[PDB]
Amino acid sequence: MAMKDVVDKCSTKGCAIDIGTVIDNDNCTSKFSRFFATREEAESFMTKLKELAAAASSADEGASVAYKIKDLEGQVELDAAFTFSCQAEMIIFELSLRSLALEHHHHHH
């Protein structure tokens, strides 16, 4: 009772680095917040964010970055706003963050 079994379309190369995760829809500028024990811990983590930013966004010096450092009592707030040009580069950055840094609690978005 069945006759139709034919399909052919595997033309995809995967030029864009995607883990296969969902897309966060609202902005193109992502804001990454983490709480550390020292402002040192905050600025130390910024280093690897820059490393990751260079991978996600090429550009001359990468995407735009406006970071927050709030000196609290016993901890600090590290919140870096990365202004990307595309949403693709923004979401994959979040993906990379989840892969490398991992500890952003878990399911933020």
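The rules behind these values
Residues numbered from 1 in each chain as written, not as in the entry; some residues may be left out. Heavy atoms only, no water. Core = buried A, V, L, I, M, F, W, Y, C linked by side-chain atoms within 4.5 Å. Buried < 20%, exposed > 50% of the residue type's maximum accessible area, 1.4 Å probe, protein only. Helix = DSSP H or I, 4+ residues; strand = E, 2+ residues; numbered from the N terminus. Contact = heavy atoms within 4.5 Å. Axes fitted to C-alpha atoms, helices over the stretch in contact; angles between N-to-C directions. Parallel < 35°, antiparallel > 145°, perpendicular 65-115°, else oblique. Left-handed = near helix turned anticlockwise from the far one by under 90°.

For this entry, the PDB record names solution NMR as the structure determination method.

Let us look at the nonpolar core. Counting residues in each nonpolar core, the largest one holds 22 residues, and the members touching the most others are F36, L49, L78, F82, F84, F93 and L97. Listing elements by their share of this core, those giving two or more residues are β1 (29–36), α1 (39–56), β3 (76–83) and α2 (87–100). Considering each element in turn, this core owes the most residues, 7 residues, to α1. With near-sequence residues (within four places) excluded, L78 lies in contact with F32, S33, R34, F36, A42, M46, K68 and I69.

Turning our eyes to something else, we now look at the packing of α1 against α2. Running from N to C, α1 and α2 point in directions that differ by 140°, and their axes come no closer than 10 Å. Comparing the axis directions of α1 and α2 gives the class oblique. Read as a crossing pair, α1 and α2 show a hand that is right-handed. Counted together, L49, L52, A53 and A56 of α1 and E89, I92, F93, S96, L97 and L100 of α2 form the full contact between these two elements.

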